[PDB]
Each structure stands twice: as structure tokens, then as C-alpha cells.
Amino acid sequence: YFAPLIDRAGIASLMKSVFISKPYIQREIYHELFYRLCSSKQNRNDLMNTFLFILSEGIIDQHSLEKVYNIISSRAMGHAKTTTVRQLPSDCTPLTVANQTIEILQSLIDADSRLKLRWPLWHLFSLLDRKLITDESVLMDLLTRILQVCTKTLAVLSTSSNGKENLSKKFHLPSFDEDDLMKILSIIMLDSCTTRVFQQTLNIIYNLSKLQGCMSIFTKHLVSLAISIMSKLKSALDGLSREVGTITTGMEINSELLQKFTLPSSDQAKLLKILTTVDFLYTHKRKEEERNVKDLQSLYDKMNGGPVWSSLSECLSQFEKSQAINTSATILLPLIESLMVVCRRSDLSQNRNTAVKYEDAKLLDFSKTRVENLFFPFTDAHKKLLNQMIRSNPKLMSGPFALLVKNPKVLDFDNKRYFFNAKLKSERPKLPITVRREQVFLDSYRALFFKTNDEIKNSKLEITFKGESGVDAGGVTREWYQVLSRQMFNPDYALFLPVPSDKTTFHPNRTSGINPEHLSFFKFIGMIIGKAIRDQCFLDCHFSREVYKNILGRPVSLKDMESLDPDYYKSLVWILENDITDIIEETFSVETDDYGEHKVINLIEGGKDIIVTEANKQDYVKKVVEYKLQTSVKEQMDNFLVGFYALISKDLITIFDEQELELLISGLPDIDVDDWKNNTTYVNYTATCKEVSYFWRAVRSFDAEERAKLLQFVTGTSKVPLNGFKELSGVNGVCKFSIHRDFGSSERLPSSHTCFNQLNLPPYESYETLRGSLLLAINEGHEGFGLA
């Protein structure tokens with residue numbers, strides 16, 4: 001029966017029923033029946049309204065709870081006021097009773113609407129004060145969910161009721177107030193707000209700002225409170241401002257200050273909430289197509305909090321040298337979290353280079369570092385273990401690491417390739433292909449040819465050795481990629497072959513287009529390279545140190561031709577480097593081995609028409625390589641880019657350079673170190689001139705990759721021949737990457753010439769200068785000798 005129902009004798013009986021305690025499940029019955037209590041409005045109310053009056057006069061303590069026991073656990077016995085002198089037998093506990101009524105209220109009044117004398121609100125506002133109410137964490141999840149509901153229950157009715165007293169003011173809803181809003185900052189800052197309670201507390205305050213109409217009151221009051229937060233930023237951080245800055249060596253300070261930032265809901269998380277505030281205000285409430293972003297960062301930049309950063313940045317990295325107990329990620333990560341997540345304050349986006357690195361320097365710790373202005377360098381100063389931890393932790397990538405440009409220094413590729421150990425992985429119906437297993441590329445046009453691009457990775461690679469679609473499973477690569485050293489090498493077709501730029505290696509070889517199926521052929525290297533990546537194994541055979549960048553939308557390498565092909569950069573020393581006065585045209589059109597797009601392609605804007613000048617000195621030589629792999633075979637690179645873009649998906653993008661890819665797709669090139677030591681033209685630099693033989697005597701010192709990535713940084717065509725490298729690959733493939741001293745400025749770059757390798761080694765000093773500069777430029781890939 002709908003409509004109003006019994007008034008009392010179910011309520012008047014409840015007087016004793018409101019002093020109860022029992023295991024749950026018995027209480028669900030209460031949920032359902034009290035839900036059936038709807039449509040009454042008398043059983044729903046009257047007792048309920050005073051029940052908060054009771055709780056403020058009750059649960060506030062067992063005594064006042066016993067007071068309401070006498071008042072009510074009694075009135076049912078005689079008349080509706082007190083009597084019975086009844087004494088509490090512990091039949092109820094404030095916590096259990098409160099939480100049970102709370103869950104029931106959420107279950108039921110959620111449906112209730114159109115009615116939600118501040119006394120109840122005073123209980124929502126004044127009683128809210130109580131440590132009774134400020135001494136709870138276990139329920140605090142449910143309390144937070146409440147507070148959203150209260151916001152939303154109000155928000156739905158906040159449309160006008162909060163100001164329209166027809167329904168909200170049944171218990172006199174004040175038209176918005178701040179005292180409790182101030183109470184938020186004054187209390188929720190406590191450890192009270194669990195990490196989980198912390199997040200949904202952010203959500204609470206988000207609603208607060210929102211509800212309806214509270215966007216003109218709650219949001220601005222919370223903004224003022226946030227301003228207040230800067231004041232309390234150093235509530236205990238100031239004492240912490242040097243607690244971790246003292247440690248050092250075998251110094252122990254213990255966990256007295258650990259539980260400020262290591263204790264979110266005490267600090268650290270405080271800064272996190274500060275972030276989230278304007279973030280949701282901007283990232284969530286606003287949207288990037290609407291979000292000023294800079295204003296979001298302006299806050300935390302114009303409202304940055306500089307004071308703490310320079311003061312504390314100095315006090316952090318002392319752990320890097322110390323052997324303390326409570327100055328680790330426990331507390332440091334809170335800072336890293338903040339200091340990273342923030343992406344705020346002063347300059348952080350200041351990615352740094354390698355250069356000669358002078359000769360060397362001992363960066364002990366993050367030395368007296370300033371505010372975030374000098375932070376990512378702060379990271380690279382704690383690099384000692386920070387870089388390895390990043391090599392063992394991408395959780396920072398998701399957390400602390402919120403907005404990054406410079407990080408790559410400490411966030412070296414070695415960290416991001418570790419990410420690509422899990423991000424390694426980052427529907428294959430059928431690809432009924434044969435692929436000769438020596439022809440492979442040569443028959444891929446008619447056999448595989450990417451099976452029309454990424455379909456190959458979206459279809460089982462039934463490619464067979466000759467007819468064995470299995471053997472190494474679908475997509476055989478054990479020798480199918482090792483045989484590409486013939487198919488890719490492609491002695492048959494012009495698609496790939498010993499090139500004038502690289503006789504030793506096998507890159508598009510210019511001609512390519514002359515082959516009738518070049519377009520379909522390059523669809524196979526559009527995939528096989530992006531498929532070897534998006535598939536098992538890699539073909540060891542090397543292409544060139546300019547092919548790898550051409551896989552994706554990246555330019556060609558001009559400084560490579562210094563090594564890659566001196567006939568195009570060093571013999572062309574009349575332009576770009578060595579000698580040029582913006583007049584030397586130097587036949588601005590390179591040899592057209594292509595013969596497909598043969599229009600004596602201009603090496604600069606106009607080539608034979610326009611003079612090679614400051615703008616086009618690089619272009620003249622660069623356009624050579626552009627007319628080697630990106631204009632000679634550009635239409636051929638069309639498929640190269642199609643599959644390369646198609647085959648692959650967010651695969652270690654921009655972490656592995658061409659050398660690293662050369663160390664990966666072709667594998668880390670091997671070396672005959674014994675030869676290298678007694679090779680390299682070791683005396684060509686004036687062995688023992690305070691340097692030279694120092695690296696040809698202490699030879700294994702640098703690194704294995706520094707002896708392999710160097711071989712790429714000196715040739716431009718990899719193809720390591722070992723044997724002392726006197727046949728070091730190149731246009732002709734000779735010279736042990738000769739180490740001619742050149743008696744330069746002691747720091748001039750090694751302008752090697754793979755045809756006649758030079759590897760300038762000017763008058764360095766006893767290691768020091770010899771170390772560093774070359775030890776890192778070699779590990780660059782397409783950044784030391786390639787694109788840069």
C-alpha cells in the first residue's frame with residue numbers, strides 16, 4: 001500500500017530499537033524495510049530528525065549516549081520523554097551504530113529528494129567538529145562517499161533549493177557557508193584522510209566547488225584555503241629543510257622527519273592535492289581545448305612555492321653520498337613525486353647536451369641546487385643511482401614523471417629501453433606466403449610484400465622456408481632474416497646493393513626505382529624493418545647509418561657523409577665545412593646512381609640555379625644523402641614509411657638511436673679488441689703524446705659499445721670487419737679508423753672519412769680530455785655523426 005503510513009507504535013516502539021548492536025546481515029533487513037518506509041513521511045521523519053539531535057546529544061560520548069538512553073530508552077516504556085531511569089547495558093556502540101545507520105541512509109535517502117532550524121545542519125556543521133567525528137579513519141571511506149553524496153544530493157537540489165527555501169530550507173539549508181569549508185583545510189590535512197580517502201577527498205572538494213551554485217562560493221573559498229596552504233607549506237618541512245641535508249657518509253638521522261613526506265595525508269600528498277586542485281580545475285573541469293594550461297602551470301609557477309625548493313633541493317641528494325636510514329625513496333620519492341609530478345616552479349625543461357664535457361668533473365651530489373629552475377640537472381646529479389633506479393623503475397614514469405623534456409639525460413634510453421623490456425610488447429588470421437628464404441625481399445613483391453602493409457602483422461605469417469610455413473612458427477626469422485643478408489643485400493635487383501656511398505653495406509642503392517617492382521619491394525622493407533621490430537628476431541645485415549632514420553618521418557644525415565662517404569662531405573669540403581665563402585656551388589647535384597628520378601637533382605634550393613650559401617651549405621651536402629635515401633628513393637621510401645608507420649605501434653619510440661638500432665637490429669657489432677689495441681693506426685695520433693697510445697694501451701677502458709658505437713661514429717656504414725679495422729667499412733672500406741692527430745685545438749671533433757678514415761685526435765691530455773667527448777659522441781647514433 002502506497003501513500004502515507006503508520007505514524008507511531010512502529011516508531012514509538014523504535015525508541016529501544018535505536019539503542020541496538022548486532023552483526024551485519026541482520027541489518028540488511030533494516031535496509032529493505034526502511035526502504036519500504038518510503039511514502040510515509042512520518043516514519044521517515046520525526047524520529048530521524050531528532051536522531052541527529054540525539055547523536056549530538058548522544059554518541060558524542062557514551063554518557064550523553066547514556067543520557068539519550070534515559071531520555072529515549074525509556075520514553076517508549078512511559079510517555080514520550082525520558083522515564084525508566086534506564087542505564088546503558090552496552091547494547092549499542094557509537095561506531096557500529098553510526099556506520100550502520102550511515103549505510104542505510106545512503107541506501108535509502110538517496111532515493112529521497114525534494115526536502116534536503118539549522119540544528120540538523122549544525123549537526124552537519126557544528127557536530128561535524130567533534131573528534132568523535134574527527135577520530136575516525138576506518139569508516140572514513142564511507143564518510144567520503146557520503147560527502148560526495150551530500151554534495152551530489154545537494155548538487156542535484158542545489159540548482160535552486162539551496163537558495164530557494166521551498167525544499168532545501170525544511171531544515172534551513174544556509175545558502176552556502178565557509179566555516180566547514182575552512183574546517184576542511186584545518187582537519188583533512190591531518191593523517192585522517194587515508195591515501196584512498198585522500199583521492200576521494202579530492203573528489204569531495206571537486207564536488208564542493210561544483211555541486212550547483214557552489215562554483216561561486218565553494219571553489220573560491222577553497223582557492224583562498226589553498227593560498228593558506230602555501231603558508232603551512234613549512235609546517236614541519238622547515239625542520240625537515242636540512243634533516244636529510246646533513247646525513248652524508250655513514251650518518252644516521254632516523255625516522256623523526258621521515259613521516260612528513262613519507263607520510264601522505266601529512267605532507268607530500270599535501271602538495272599532490274595542491275596540484276590536483278588546479279589540475280581538475282583545468283585538466284578535468286576545463287579541457288585542453290579550453291584549458292589555458294599555462295594558467296594551470298602559472299599556478300605552481302607564479303604560485304610556485306620557490307622558498308622550499310632551493311632550500312631543500314640542496315638537502316636531498318646528500319643521501320646519494322650518505323649511508324643513512326630514513327633518507328630514501330620513502331621520503332625522497334615523496335619529493336621526487338612532488339618535484340617531478342609538479343612540472344612547476346622555475347626552469348625544468350632544459351635538456352642538456354654532451355659536447356666535449358671539458359675533460360671530466362666529479363659531480364658529488366646535487367650540489368646546493370636551486371629551486372626547480374635547476375632540477376632535471378638535480379636528477380642528473382643524483383644520477384649516480386637515479387639513472388639505474390629509472391633503469392629499474394618506470395613507476396616514476398607514471399607518477400613523479402608527469403611532464404618531461406630534459407629527463408632523457410637521467411632518463412637515458414637505457415631507462416626507456418628497460419621500459420621497453422615490459423613495453424617490449426607495448427589477431428593474425430593467415431598470411432599464406434612462401435618467400436624463397438634467399439629471395440625473400442626479391443620475391444617479397446610477389447610473395448609477401450608486407451601482404452599489403454600491416455596486414456602481415458595482422459595475419460599469421462605462413463611464410464615458409466620453401467614450403468614449410470612452420471619451422472620457427474609462422475613468420476620464420478632465424479635464417480629468413482639472416483638470409484636477408486642476401487635478399488636485403490639484393491645482388492639481383494637494384495633495390496639494394498653495394499652503393500657508391502656505401503659499397504660495404506646494402507642500403508637502397510639509389511637505383512631501386514629502376515626495378516619494376518621497387519614500389520612493392522620497398523613495401524617489404526617498409527614492413528620487414530618495422531616487422532622485424534613487430535616480430536621475432538632481427539636481420540643482422542647492416543643497411544647504412546642513414547637508413548635507420550629514414551624508417552620514420554626523420555631527415556637524412558649529412559655529417560654522416562663526413563664518415564659515411566667522404567666523396568660527399570669531405571671531398572665536398574669546398575662546401576659546408578673546411579672552405580666555403582657562400583659562393584662555391586660545387587656542382588650542386590650529386591651523382592645520380594638512381595637513374596629513376598634522374599633530373600640531376602639539385603643539392604640545394606636551386607642546385608645549379610642558386611648558389612650554395614650559409615643556408616644551403618649543409619643542404620648541399622645533406623641533399624646528397626637526401627638524394628641517396630630520401631629523394632633518390634623517396635617514392636621508394638613511400639612504402640618504406642607506409643609499412644614502417646603501419647608495422648610498429650609505440651615501439652620504444654625515440655629511445656634507440658641508429659647505433660642502438662645498429663646494436664639491436666644488426667646486433668651489438670663485434671670487435672677484435674686485441675687488434676684494435678694494436679690497431680686503429682694507434683701511432684697515427686702521435687702515440688704516447690700524453691694521449692693516443694693511452695687509449696691504445698688502456699684500450700678496453702672506454703666500453704664495448706664505445707668500441708662498437710664508435711665504429712658507427714667513424715664509418716657511417718657500420719659493417720664491422722674486425723681484423724684491426726684496416727678494412728673498416730665505408731665507400732671503399734679501408735683504414736683502421738685512422739687516428740691522425742691533426743694537431744688541432746686539443747678538442748676538435750673526429751672528422752673521420754670512412755674512405756680514408758681520419759678520426760682526428762688532436763693534442764689531448766693524459767686520458768681526461770680523451771675520455772668523455774669521444775666516449776659519448778660515439779654512443780650518439782644519428783646525433784653525433786648522423787642528423788647531428
# chains A, B, ... in the order shown; residues from 1 in each chain; ligands from 1
call {"tool": "residues_around", "arguments": {"residues": "range 73-82 of chain A", "least_positions_apart": "6", "cutoff": "10 Å", "atoms": "only C-alpha atoms", "output": "ChimeraX atom specification"}}
result
/A:9,11-19,66-67,88
call {"tool": "residues_around", "arguments": {"residues": "range 23-31 of chain A", "least_positions_apart": "3", "cutoff": "8 Å", "atoms": "only C-alpha atoms", "output": "count of residues only"}}
result
6
call {"tool": "residues_around", "arguments": {"residues": "residue 232 in chain A", "least_positions_apart": "4", "cutoff": "12 Å", "atoms": "only C-alpha atoms", "output": "tab-separated table (two decimals) with N, CA, C and O atoms, in the first residue's frame"}}
result
chain	number	residue	atom	x	y	z
A	185	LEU	N	40.38	22.31	5.29
A	185	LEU	CA	41.82	22.54	5.36
A	185	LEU	C	42.33	22.35	6.78
A	185	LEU	O	43.41	21.79	6.99
A	186	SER	N	41.55	22.79	7.77
A	186	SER	CA	42.01	22.71	9.15
A	186	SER	C	42.09	21.28	9.66
A	186	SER	O	42.75	21.03	10.67
A	189	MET	N	43.72	17.96	6.32
A	189	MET	CA	45.18	17.95	6.24
A	189	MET	C	45.77	16.91	7.17
A	189	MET	O	46.87	16.40	6.92
A	225	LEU	N	41.72	28.93	0.73
A	225	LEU	CA	42.36	27.95	1.60
A	225	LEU	C	43.66	27.44	0.99
A	225	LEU	O	44.65	27.25	1.70
A	226	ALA	N	43.66	27.19	-0.31
A	226	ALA	CA	44.88	26.76	-0.99
A	226	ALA	C	45.96	27.81	-0.84
A	226	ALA	O	47.13	27.49	-0.58
A	227	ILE	N	45.59	29.08	-0.99
A	227	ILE	CA	46.54	30.16	-0.70
A	227	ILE	C	47.06	29.99	0.71
A	227	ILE	O	48.26	30.14	0.98
A	228	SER	N	46.17	29.67	1.65
A	228	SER	CA	46.59	29.42	3.02
A	228	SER	C	47.57	28.26	3.10
A	228	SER	O	48.41	28.22	4.00
A	236	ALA	N	56.18	21.62	9.06
A	236	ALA	CA	57.33	20.91	9.60
A	236	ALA	C	58.42	20.69	8.56
A	236	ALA	O	59.48	20.15	8.90
A	237	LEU	N	58.18	21.09	7.31
A	237	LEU	CA	59.21	20.96	6.28
A	237	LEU	C	60.45	21.76	6.64
A	237	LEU	O	61.57	21.31	6.41
A	238	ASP	N	60.25	22.95	7.20
A	238	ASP	CA	61.38	23.78	7.61
A	238	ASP	C	62.34	23.00	8.50
A	238	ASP	O	63.56	23.00	8.26
A	266	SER	N	49.90	13.68	5.63
A	266	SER	CA	50.64	14.62	6.46
A	266	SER	C	51.38	15.65	5.64
A	266	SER	O	51.38	16.84	5.99
A	267	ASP	N	52.01	15.23	4.55
A	267	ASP	CA	52.66	16.14	3.61
A	267	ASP	C	52.89	15.35	2.32
A	267	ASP	O	52.35	14.26	2.14
A	270	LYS	N	50.04	16.37	0.47
A	270	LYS	CA	49.52	17.73	0.53
A	270	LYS	C	49.83	18.48	-0.77
A	270	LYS	O	48.93	19.04	-1.40
A	271	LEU	N	51.09	18.45	-1.19
A	271	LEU	CA	51.44	19.09	-2.46
A	271	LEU	C	50.72	18.42	-3.61
A	271	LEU	O	50.31	19.08	-4.58
A	305	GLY	N	55.96	28.41	-4.95
A	305	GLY	CA	56.47	27.98	-3.67
A	305	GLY	C	57.98	27.84	-3.69
A	305	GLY	O	58.55	26.99	-3.00
A	308	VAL	N	60.82	26.76	-0.70
A	308	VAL	CA	61.17	25.43	-0.19
A	308	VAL	C	62.14	24.70	-1.11
A	308	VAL	O	62.87	23.82	-0.65
call {"tool": "closest_residue", "arguments": {"among": "A:242, A:598, A:86, A:169", "to": "residue 119 in chain A", "atoms": "only C-alpha atoms"}}
result
A:169
call {"tool": "residues_around", "arguments": {"residues": "residue 719 in chain A", "least_positions_apart": "5", "cutoff": "12 Å", "atoms": "only C-alpha atoms", "output": "PyMOL selection string"}}
result
chain A and resi 485+498+502-507+540-545+564+659+662-663+666-671+708-709+711-714+725+727-734+754
call {"tool": "closest_residue", "arguments": {"among": "A:555, A:716, A:763, A:264", "to": "residue 739 in chain A", "atoms": "only C-alpha atoms"}}
result
A:763
call {"tool": "select_by_dssp", "arguments": {"residues": "range 301-531 of chain A", "states": "alpha helix (DSSP H)", "output": "ChimeraX atom specification"}}
result
/A:306-316,318-321,329-341,376-381,383-390,395-398,413-422,441-444,484-487,518-531
call {"tool": "residues_around", "arguments": {"residues": "residue 391 in chain A", "least_positions_apart": "4", "cutoff": "10 Å", "atoms": "only C-alpha atoms", "output": "compact mmCIF listing (two decimals) with C-alpha atoms, in the first residue's frame"}}
result
# COMPACT_ATOMS: atom_id res chain seq x y z
CA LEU A 385 71.87 5.75 -8.58
CA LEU A 386 68.90 7.66 -10.02
CA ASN A 387 69.69 6.53 -13.56
CA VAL A 410 68.91 10.83 -16.38
CA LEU A 411 66.07 9.07 -18.22
CA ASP A 412 68.63 7.74 -20.70
CA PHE A 413 67.44 5.38 -23.42
CA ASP A 414 68.79 2.67 -21.13
CA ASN A 415 65.92 3.54 -18.80
CA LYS A 416 63.42 3.75 -21.66
CA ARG A 417 64.70 0.52 -23.20
CA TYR A 418 64.16 -1.04 -19.79
CA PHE A 419 60.64 0.32 -20.08
call {"tool": "closest_residue", "arguments": {"among": "A:562, A:597, A:256, A:180", "to": "residue 578 in chain A", "atoms": "only C-alpha atoms"}}
result
A:562
call {"tool": "residues_around", "arguments": {"residues": "residue 92 in chain A", "least_positions_apart": "4", "cutoff": "7 Å", "atoms": "only C-alpha atoms", "output": "PyMOL selection string"}}
result
chain A and resi 19-21+97
call {"tool": "atom_distance", "arguments": {"atom1": "CA of residue 599 in chain A", "atom2": "CA of residue 548 in chain A"}}
result
26.0 Å
call {"tool": "closest_atom_pairs", "arguments": {"of": "range 459-569 of chain A", "to": "range 440-449 of chain A", "cutoff": "6 Å", "atoms": "only C-alpha atoms", "output": "CSV"}}
result
residue,atom,partner,partner_atom,distance
A:487,CA,A:441,CA,5.0
A:488,CA,A:441,CA,5.9
A:520,CA,A:445,CA,5.0
A:521,CA,A:445,CA,5.0
A:523,CA,A:449,CA,5.6
A:524,CA,A:449,CA,4.5
call {"tool": "write_last_selection", "arguments": {"atoms": "C-alpha atoms", "output": "compact mmCIF listing (two decimals), in the first residue's frame"}}
result
# COMPACT_ATOMS: atom_id res chain seq x y z
CA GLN A 487 67.74 -10.89 -50.08
CA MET A 488 68.20 -7.48 -48.45
CA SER A 520 56.14 -3.25 -53.86
CA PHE A 521 59.73 -4.14 -52.93
CA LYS A 523 56.71 -2.20 -49.06
CA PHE A 524 58.63 -5.28 -47.89
